[PDB]
Amino acid sequence: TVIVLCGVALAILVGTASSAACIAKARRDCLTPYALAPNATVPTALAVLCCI
Amino acid sequence: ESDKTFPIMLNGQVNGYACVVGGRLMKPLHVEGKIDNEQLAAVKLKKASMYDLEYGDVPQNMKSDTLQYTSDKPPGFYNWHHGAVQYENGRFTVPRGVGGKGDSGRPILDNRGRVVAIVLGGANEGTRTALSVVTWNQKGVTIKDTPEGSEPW
Amino acid sequence: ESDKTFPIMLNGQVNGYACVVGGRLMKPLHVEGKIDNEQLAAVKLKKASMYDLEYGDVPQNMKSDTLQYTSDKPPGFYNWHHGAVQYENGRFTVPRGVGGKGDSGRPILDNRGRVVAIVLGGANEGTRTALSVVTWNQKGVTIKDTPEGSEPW
Amino acid sequence: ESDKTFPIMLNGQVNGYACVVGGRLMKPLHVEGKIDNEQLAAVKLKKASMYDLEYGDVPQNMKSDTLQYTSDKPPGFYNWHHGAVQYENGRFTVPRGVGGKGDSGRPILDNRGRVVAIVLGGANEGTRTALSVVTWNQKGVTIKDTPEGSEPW
């Protein structure tokens with residue numbers, strides 16, 4: 001039971017870390033072109049989605 | 001160009017030319033070194049590796065003295081520290097042999113003292129040299145335009 | 001004044017002045033920054049917080065070439081980097097409009113080249129501006145003269 | 001001499017000189033201080049303590065242009081920063097009152113712009129001052145010459 005609980009906790013932790021890393025990389029990919037240019041008329045769906 | 005285009009120094013050699021545009025400093029990622037200005041050495045550089053660049057926010061004093069971004073690029077001759085650069089068919093070219101290593105980050109200048117593109121590298125195609133650069137877009141998208149065979153200076 | 005008065009740097013901007021008098025270097029406390037001189041950067045400063053000042057012993061190669069002090073203060077016009085300052089009714093005043101932030105620690109000189117007071121702040125009355133400074137006395141007492149509403153510059 | 005001889009600075013005071021000869025940088029051991037140059041600061045210094053010297057491989061970008069050396073030493077006058085050194089009886093002499101502390105490491109140049117010896121100190125014998133230096137020899141040997149009552153500058 002301890003092994004199963006530890007495995008479940010590790011799976012949850014790695015899944016959350018992977019989701020956070022993918023979201024942050026998506027933010028980098030979809031935001032860095034607009035941060036190097038003036039007047040970033042950005043549809044706010046992306047920033048609102050991945051800001052939190 | 002002379003006043004507000006700061007070389008990057010390293011081992012007593014200039015490796016590039018970091019440029020302050022629109023209130024933000026930019027420095028090509030492929031080149032390595034230290035910035036001569038003391039103020040610029042204290043800025044945190046966020047790295048966009050996919051465009052081979054890092055950018056940071058200039059301090060309050062130097063925001064007012066910066067070159068001007070642009071979007072409109074009619075084809076023709078444009079200014080450059082080494083002379084004139086020909087823009088045609090959505091491509092930047094220079095006379096063969098001009099420029100080289102240590103010139104990365106140099107901003108191409110417009111007639112009205114406005115920056116059009118930043119030099120990253122150059123590919124020699126025999127007759128001319130095609131410049132691998134980063135250009136702007138009408139929707140404010142920084143397109144990294146690199147012709148085949150480009151070499152990062 | 002120009003030779004023996006130094007600027008203090010705050011992120012690369014002038015924000016005050018440090019004065020060498022009689023072999024000791026004084027600097028206002030409220031103004032925060034680094035002394036431009038490399039030698040003075042190594043001088044330990046002991047602070048009179050209630051006088052809003054810090055003083056230190058200057059090195060051996062500048063103490064003689066210093067702003068000689070004095071205590072006799074007849075009323076009238078006295079020298080100043082920005083012009084003339086009127087000492088009347090035991091108060092230092094300037095025309096309203098000249099002087100401001102970054103002028104703290106500015107020495108006020110005499111006609112013969114001696115220092116009479118060091119400026120710390122100013123308050124605008126509308127007609128003139130009364131300067132909150134430190135003034136010396138016949139008995140060797142330095143009174144921090146601050147008119148009502150004084151704001152340190 | 002002015003171009004390729006670099007002062008040594010410590011605490012804002014010039015206390016020594018480092019020289020480049022034959023593609024290698026020498027500095028003397030008695031004087032302590034940094035070298036303003038980045039590359040020389042990055043050079044590993046192999047120290048001969050009994051020779052009172054440290055030698056380090058000069059980087060590539062300035063090895064091409066370096067002082068040339070010589071071993072032939074005809075007696076007579078040899079040019080140097082504050083005039084001429086008279087070489088006679090296997091000894092270097094300068095007149096009384098010229099030179100002093102901080103002039104160590106200064107190369108002694110030939111008429112054809114070649115280094116023959118490096119001064120380390122001086123000793124006062126009344127009529128003149130005898131220079132304790134590091135002379136060379138024809139057989140690939142380097143000999144330190146010092147008098148009675150040496151004083152390393």
# chains A, B, ... in the order shown; residues from 1 in each chain; ligands from 1
>>> interface_residues(of="chain A", to="chain B", cutoff="6 Å", atoms="only C-alpha atoms", output="PyMOL selection string")
chain A and resi 33-34+37
>>> write_last_selection(atoms="N, CA and C atoms", output="PDB file, in the first residue's frame")
ATOM      1  N   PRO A  33       7.421  36.145 -29.845  1.00  0.00           N
ATOM      2  CA  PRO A  33       7.416  36.992 -31.051  1.00  0.00           C
ATOM      3  C   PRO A  33       6.729  38.327 -30.841  1.00  0.00           C
ATOM      4  N   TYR A  34       5.680  38.371 -30.020  1.00  0.00           N
ATOM      5  CA  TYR A  34       4.935  39.604 -29.811  1.00  0.00           C
ATOM      6  C   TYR A  34       5.603  40.533 -28.807  1.00  0.00           C
ATOM      7  N   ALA A  37       8.175  43.047 -30.661  1.00  0.00           N
ATOM      8  CA  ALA A  37       7.583  43.923 -31.660  1.00  0.00           C
ATOM      9  C   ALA A  37       6.671  44.929 -30.975  1.00  0.00           C
TER      10      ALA A  37
END
>>> interface_residues(of="chain D", to="chain C", cutoff="12 Å", atoms="only C-alpha atoms", output="list in words")
residues 10, 11, 12 and 13 of chain D
>>> closest_residue(among="C:15, C:146, C:124, C:5", to="residue 98 (chain C)", atoms="only C-alpha atoms")
C:124
>>> atom_distance(atom1="CA of residue 36 (chain B)", atom2="CA of residue 113 (chain B)")
23.6 Å
>>> select_by_dssp(residues="chain A", states="alpha helix (DSSP H)", output="PyMOL selection string")
chain A and resi 2-35+45-50
>>> write_last_selection(atoms="N, CA, C and O atoms", output="compact mmCIF listing (two decimals), in the first residue's frame")
# COMPACT_ATOMS: atom_id res chain seq x y z
N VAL A 2 1.95 1.26 0.77
CA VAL A 2 2.85 2.41 0.79
C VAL A 2 3.47 2.60 -0.59
O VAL A 2 3.59 3.73 -1.08
N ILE A 3 3.86 1.50 -1.24
CA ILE A 3 4.44 1.59 -2.57
C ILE A 3 3.43 2.17 -3.55
O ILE A 3 3.76 3.04 -4.37
N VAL A 4 2.18 1.70 -3.48
CA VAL A 4 1.16 2.18 -4.40
C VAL A 4 0.88 3.67 -4.17
O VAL A 4 0.75 4.44 -5.13
N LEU A 5 0.78 4.08 -2.91
CA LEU A 5 0.52 5.49 -2.61
C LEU A 5 1.67 6.37 -3.07
O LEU A 5 1.45 7.45 -3.63
N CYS A 6 2.91 5.93 -2.85
CA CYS A 6 4.06 6.70 -3.31
C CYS A 6 4.08 6.80 -4.83
O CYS A 6 4.38 7.86 -5.38
N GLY A 7 3.76 5.70 -5.52
CA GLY A 7 3.70 5.75 -6.97
C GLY A 7 2.63 6.69 -7.48
O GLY A 7 2.84 7.42 -8.44
N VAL A 8 1.46 6.68 -6.83
CA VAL A 8 0.39 7.58 -7.24
C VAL A 8 0.79 9.03 -7.01
O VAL A 8 0.54 9.91 -7.85
N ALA A 9 1.42 9.32 -5.87
CA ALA A 9 1.88 10.68 -5.60
C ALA A 9 2.93 11.12 -6.62
O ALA A 9 2.89 12.26 -7.10
N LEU A 10 3.86 10.23 -6.96
CA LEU A 10 4.87 10.55 -7.96
C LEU A 10 4.24 10.80 -9.32
O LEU A 10 4.65 11.71 -10.05
N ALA A 11 3.24 9.99 -9.68
CA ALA A 11 2.56 10.18 -10.96
C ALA A 11 1.84 11.53 -10.99
O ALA A 11 1.91 12.24 -12.00
N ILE A 12 1.16 11.89 -9.91
CA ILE A 12 0.49 13.18 -9.87
C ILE A 12 1.50 14.31 -9.97
O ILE A 12 1.30 15.29 -10.70
N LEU A 13 2.61 14.20 -9.23
CA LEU A 13 3.62 15.26 -9.25
C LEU A 13 4.23 15.43 -10.64
O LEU A 13 4.36 16.55 -11.13
N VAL A 14 4.60 14.32 -11.28
CA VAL A 14 5.22 14.42 -12.59
C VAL A 14 4.22 14.90 -13.63
O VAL A 14 4.57 15.66 -14.53
N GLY A 15 2.95 14.48 -13.53
CA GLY A 15 1.95 14.98 -14.45
C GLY A 15 1.74 16.48 -14.31
O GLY A 15 1.67 17.21 -15.31
N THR A 16 1.64 16.97 -13.07
CA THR A 16 1.49 18.40 -12.86
C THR A 16 2.71 19.17 -13.35
O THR A 16 2.57 20.22 -13.98
N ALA A 17 3.91 18.65 -13.08
CA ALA A 17 5.12 19.32 -13.55
C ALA A 17 5.17 19.36 -15.07
O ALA A 17 5.54 20.39 -15.66
N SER A 18 4.81 18.26 -15.73
CA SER A 18 4.81 18.23 -17.18
C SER A 18 3.79 19.20 -17.76
O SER A 18 4.07 19.90 -18.73
N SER A 19 2.59 19.25 -17.17
CA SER A 19 1.58 20.19 -17.66
C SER A 19 2.04 21.63 -17.49
O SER A 19 1.87 22.45 -18.40
N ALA A 20 2.64 21.95 -16.34
CA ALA A 20 3.14 23.30 -16.12
C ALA A 20 4.25 23.64 -17.11
O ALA A 20 4.28 24.75 -17.66
N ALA A 21 5.17 22.71 -17.33
CA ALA A 21 6.27 22.96 -18.27
C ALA A 21 5.74 23.17 -19.68
O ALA A 21 6.20 24.07 -20.40
N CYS A 22 4.79 22.34 -20.11
CA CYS A 22 4.23 22.49 -21.45
C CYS A 22 3.47 23.80 -21.59
O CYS A 22 3.58 24.47 -22.62
N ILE A 23 2.72 24.20 -20.56
CA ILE A 23 2.00 25.47 -20.61
C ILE A 23 2.98 26.63 -20.69
O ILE A 23 2.78 27.58 -21.46
N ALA A 24 4.06 26.59 -19.90
CA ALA A 24 5.03 27.67 -19.92
C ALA A 24 5.77 27.73 -21.25
O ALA A 24 6.05 28.82 -21.77
N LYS A 25 6.09 26.57 -21.82
CA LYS A 25 6.73 26.55 -23.14
C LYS A 25 5.79 27.08 -24.21
O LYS A 25 6.22 27.77 -25.14
N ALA A 26 4.50 26.76 -24.11
CA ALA A 26 3.52 27.31 -25.04
C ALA A 26 3.45 28.83 -24.90
O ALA A 26 3.34 29.54 -25.90
N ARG A 27 3.48 29.33 -23.66
CA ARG A 27 3.52 30.77 -23.45
C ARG A 27 4.75 31.39 -24.11
O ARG A 27 4.65 32.41 -24.79
N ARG A 28 5.92 30.79 -23.89
CA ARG A 28 7.13 31.29 -24.54
C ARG A 28 6.94 31.34 -26.05
O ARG A 28 7.12 32.39 -26.68
N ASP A 29 6.51 30.22 -26.64
CA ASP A 29 6.39 30.11 -28.09
C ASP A 29 5.42 31.13 -28.65
O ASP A 29 5.71 31.78 -29.67
N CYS A 30 4.26 31.31 -28.01
CA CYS A 30 3.20 32.15 -28.55
C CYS A 30 3.25 33.59 -28.04
O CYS A 30 2.39 34.39 -28.42
N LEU A 31 4.24 33.94 -27.21
CA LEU A 31 4.32 35.29 -26.67
C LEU A 31 5.63 35.99 -27.04
O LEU A 31 5.63 37.21 -27.22
N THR A 32 6.74 35.25 -27.14
CA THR A 32 8.02 35.89 -27.41
C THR A 32 8.07 36.61 -28.76
O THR A 32 8.75 37.64 -28.85
N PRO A 33 7.42 36.15 -29.84
CA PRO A 33 7.42 36.99 -31.05
C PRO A 33 6.73 38.33 -30.84
O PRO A 33 7.15 39.33 -31.43
N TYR A 34 5.68 38.37 -30.02
CA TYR A 34 4.93 39.60 -29.81
C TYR A 34 5.60 40.53 -28.81
O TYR A 34 5.29 41.73 -28.80
N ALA A 35 6.50 40.02 -27.97
CA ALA A 35 7.24 40.84 -27.02
C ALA A 35 8.43 41.56 -27.65
O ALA A 35 8.96 42.50 -27.04
N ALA A 45 -7.10 35.62 -25.23
CA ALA A 45 -7.42 34.26 -24.79
C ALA A 45 -6.18 33.52 -24.32
O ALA A 45 -6.21 32.83 -23.30
N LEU A 46 -5.07 33.66 -25.05
CA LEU A 46 -3.86 32.91 -24.71
C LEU A 46 -3.31 33.36 -23.36
O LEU A 46 -3.03 32.54 -22.47
N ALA A 47 -3.14 34.68 -23.19
CA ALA A 47 -2.59 35.20 -21.94
C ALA A 47 -3.49 34.87 -20.76
O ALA A 47 -3.01 34.45 -19.71
N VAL A 48 -4.80 35.02 -20.93
CA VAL A 48 -5.74 34.71 -19.86
C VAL A 48 -5.66 33.23 -19.51
O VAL A 48 -5.70 32.84 -18.33
N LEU A 49 -5.56 32.37 -20.53
CA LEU A 49 -5.50 30.93 -20.28
C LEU A 49 -4.26 30.55 -19.49
O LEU A 49 -4.36 29.88 -18.46
N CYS A 50 -3.08 30.97 -19.95
CA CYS A 50 -1.82 30.45 -19.42
C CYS A 50 -1.15 31.39 -18.42
O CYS A 50 0.00 31.15 -18.02
>>> residues_around(residues="residue 153 (chain B)", least_positions_apart="4", cutoff="8 Å", atoms="only C-alpha atoms", output="list in words")
residues 31, 100, 101, 102, 103, 104, 120, 121 and 122 of chain B
>>> write_last_selection(atoms="N, CA, C and O atoms", output="mmCIF file, in the first residue's frame")
data_model
loop_
_atom_site.group_PDB
_atom_site.id
_atom_site.type_symbol
_atom_site.label_atom_id
_atom_site.label_comp_id
_atom_site.auth_asym_id
_atom_site.auth_seq_id
_atom_site.Cartn_x
_atom_site.Cartn_y
_atom_site.Cartn_z
ATOM 1 N N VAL B 31 25.913 34.764 -30.008
ATOM 2 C CA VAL B 31 27.160 35.403 -29.606
ATOM 3 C C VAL B 31 27.236 35.449 -28.085
ATOM 4 O O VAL B 31 26.214 35.490 -27.389
ATOM 5 N N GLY B 100 31.063 40.418 -41.905
ATOM 6 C CA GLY B 100 31.702 39.192 -41.470
ATOM 7 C C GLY B 100 31.473 38.953 -39.991
ATOM 8 O O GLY B 100 30.553 39.511 -39.392
ATOM 9 N N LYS B 101 32.332 38.113 -39.418
ATOM 10 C CA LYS B 101 32.216 37.767 -38.009
ATOM 11 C C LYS B 101 32.456 38.992 -37.134
ATOM 12 O O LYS B 101 33.232 39.889 -37.475
ATOM 13 N N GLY B 102 31.773 39.022 -35.991
ATOM 14 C CA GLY B 102 31.813 40.155 -35.096
ATOM 15 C C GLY B 102 30.812 41.245 -35.412
ATOM 16 O O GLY B 102 30.714 42.213 -34.645
ATOM 17 N N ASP B 103 30.065 41.119 -36.509
ATOM 18 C CA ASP B 103 29.093 42.119 -36.927
ATOM 19 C C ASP B 103 27.656 41.721 -36.620
ATOM 20 O O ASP B 103 26.733 42.433 -37.025
ATOM 21 N N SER B 104 27.441 40.608 -35.921
ATOM 22 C CA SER B 104 26.086 40.187 -35.596
ATOM 23 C C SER B 104 25.431 41.189 -34.653
ATOM 24 O O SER B 104 26.089 41.786 -33.797
ATOM 25 N N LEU B 120 21.929 38.909 -38.208
ATOM 26 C CA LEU B 120 22.349 37.712 -37.489
ATOM 27 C C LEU B 120 23.469 36.973 -38.203
ATOM 28 O O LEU B 120 24.404 36.494 -37.554
ATOM 29 N N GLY B 121 23.403 36.867 -39.527
ATOM 30 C CA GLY B 121 24.453 36.186 -40.261
ATOM 31 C C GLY B 121 24.386 36.504 -41.738
ATOM 32 O O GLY B 121 23.523 37.253 -42.198
ATOM 33 N N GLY B 122 25.312 35.904 -42.485
ATOM 34 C CA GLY B 122 25.360 36.087 -43.924
ATOM 35 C C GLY B 122 25.805 34.845 -44.669
ATOM 36 O O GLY B 122 26.770 34.185 -44.268
#
>>> atom_distance(atom1="CA of residue 32 (chain C)", atom2="CA of residue 106 (chain C)")
14.8 Å
>>> select_by_dssp(residues="chain D", states="strand (DSSP E or B)", output="ChimeraX atom specification")
/D:5-10,13-21,24-28,34,46-48,53-57,67-69,76-80,83-88,91-95,107-109,114-124,128-136,142-145
>>> residues_around(residues="residue 73 (chain C)", least_positions_apart="5", cutoff="12 Å", atoms="only C-alpha atoms", output="PyMOL selection string")
chain C and resi 78+86-92+108-111+114-117+135-138
>>> decode(residues="region 66-90 of chain B", atoms="N, CA and C atoms", output="JSON list (two decimals), in the first residue's frame")
[["chain", "number", "residue", "atom", "x", "y", "z"],
["B", 66, "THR", "N", 16.42, 55.93, -27.85],
["B", 66, "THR", "CA", 16.41, 54.61, -28.47],
["B", 66, "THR", "C", 16.02, 54.76, -29.94],
["B", 67, "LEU", "N", 16.42, 53.77, -30.74],
["B", 67, "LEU", "CA", 16.00, 53.75, -32.14],
["B", 67, "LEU", "C", 14.56, 53.28, -32.24],
["B", 68, "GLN", "N", 13.95, 53.54, -33.40],
["B", 68, "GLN", "CA", 12.52, 53.37, -33.59],
["B", 68, "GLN", "C", 12.21, 52.12, -34.39],
["B", 69, "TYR", "N", 11.33, 51.29, -33.83],
["B", 69, "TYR", "CA", 10.78, 50.12, -34.52],
["B", 69, "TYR", "C", 10.10, 50.54, -35.83],
["B", 70, "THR", "N", 9.79, 49.54, -36.66],
["B", 70, "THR", "CA", 9.13, 49.79, -37.93],
["B", 70, "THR", "C", 8.41, 48.53, -38.39],
["B", 71, "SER", "N", 7.49, 48.71, -39.34],
["B", 71, "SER", "CA", 6.77, 47.63, -40.00],
["B", 71, "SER", "C", 6.80, 47.73, -41.52],
["B", 72, "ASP", "N", 6.75, 48.95, -42.06],
["B", 72, "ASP", "CA", 6.69, 49.14, -43.51],
["B", 72, "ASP", "C", 8.09, 49.08, -44.09],
["B", 73, "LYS", "N", 8.29, 48.20, -45.08],
["B", 73, "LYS", "CA", 9.59, 47.96, -45.70],
["B", 73, "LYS", "C", 9.43, 47.92, -47.22],
["B", 74, "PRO", "N", 9.33, 49.07, -47.87],
["B", 74, "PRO", "CA", 9.34, 49.08, -49.34],
["B", 74, "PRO", "C", 10.67, 48.57, -49.86],
["B", 75, "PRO", "N", 10.68, 47.79, -50.95],
["B", 75, "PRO", "CA", 11.97, 47.29, -51.47],
["B", 75, "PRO", "C", 12.85, 48.43, -51.96],
["B", 76, "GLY", "N", 14.16, 48.26, -51.79],
["B", 76, "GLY", "CA", 15.09, 49.28, -52.23],
["B", 76, "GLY", "C", 16.36, 49.25, -51.38],
["B", 77, "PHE", "N", 17.08, 50.36, -51.42],
["B", 77, "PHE", "CA", 18.34, 50.50, -50.70],
["B", 77, "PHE", "C", 18.08, 51.00, -49.29],
["B", 78, "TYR", "N", 18.77, 50.40, -48.32],
["B", 78, "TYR", "CA", 18.65, 50.76, -46.92],
["B", 78, "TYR", "C", 20.04, 50.97, -46.33],
["B", 79, "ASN", "N", 20.11, 51.81, -45.31],
["B", 79, "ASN", "CA", 21.39, 52.19, -44.72],
["B", 79, "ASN", "C", 21.97, 51.04, -43.90],
["B", 80, "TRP", "N", 23.29, 51.06, -43.75],
["B", 80, "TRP", "CA", 24.00, 50.09, -42.93],
["B", 80, "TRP", "C", 25.39, 50.65, -42.68],
["B", 81, "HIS", "N", 25.99, 50.28, -41.54],
["B", 81, "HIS", "CA", 27.29, 50.82, -41.18],
["B", 81, "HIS", "C", 28.35, 50.52, -42.23],
["B", 82, "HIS", "N", 28.24, 49.38, -42.92],
["B", 82, "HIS", "CA", 29.17, 48.99, -43.97],
["B", 82, "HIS", "C", 28.74, 49.46, -45.36],
["B", 83, "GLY", "N", 27.63, 50.20, -45.46],
["B", 83, "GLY", "CA", 27.20, 50.75, -46.73],
["B", 83, "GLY", "C", 25.70, 50.72, -46.96],
["B", 84, "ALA", "N", 25.29, 50.11, -48.07],
["B", 84, "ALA", "CA", 23.89, 50.01, -48.45],
["B", 84, "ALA", "C", 23.52, 48.55, -48.63],
["B", 85, "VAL", "N", 22.28, 48.21, -48.28],
["B", 85, "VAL", "CA", 21.76, 46.85, -48.37],
["B", 85, "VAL", "C", 20.52, 46.87, -49.25],
["B", 86, "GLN", "N", 20.45, 45.93, -50.19],
["B", 86, "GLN", "CA", 19.36, 45.87, -51.17],
["B", 86, "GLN", "C", 18.29, 44.91, -50.67],
["B", 87, "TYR", "N", 17.05, 45.40, -50.60],
["B", 87, "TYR", "CA", 15.90, 44.61, -50.17],
["B", 87, "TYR", "C", 14.99, 44.40, -51.37],
["B", 88, "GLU", "N", 14.75, 43.13, -51.71],
["B", 88, "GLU", "CA", 13.92, 42.80, -52.86],
["B", 88, "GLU", "C", 13.38, 41.39, -52.70],
["B", 89, "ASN", "N", 12.15, 41.18, -53.18],
["B", 89, "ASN", "CA", 11.50, 39.87, -53.15],
["B", 89, "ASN", "C", 11.47, 39.30, -51.73],
["B", 90, "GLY", "N", 11.27, 40.18, -50.75],
["B", 90, "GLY", "CA", 11.27, 39.74, -49.37],
["B", 90, "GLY", "C", 12.59, 39.17, -48.90]]
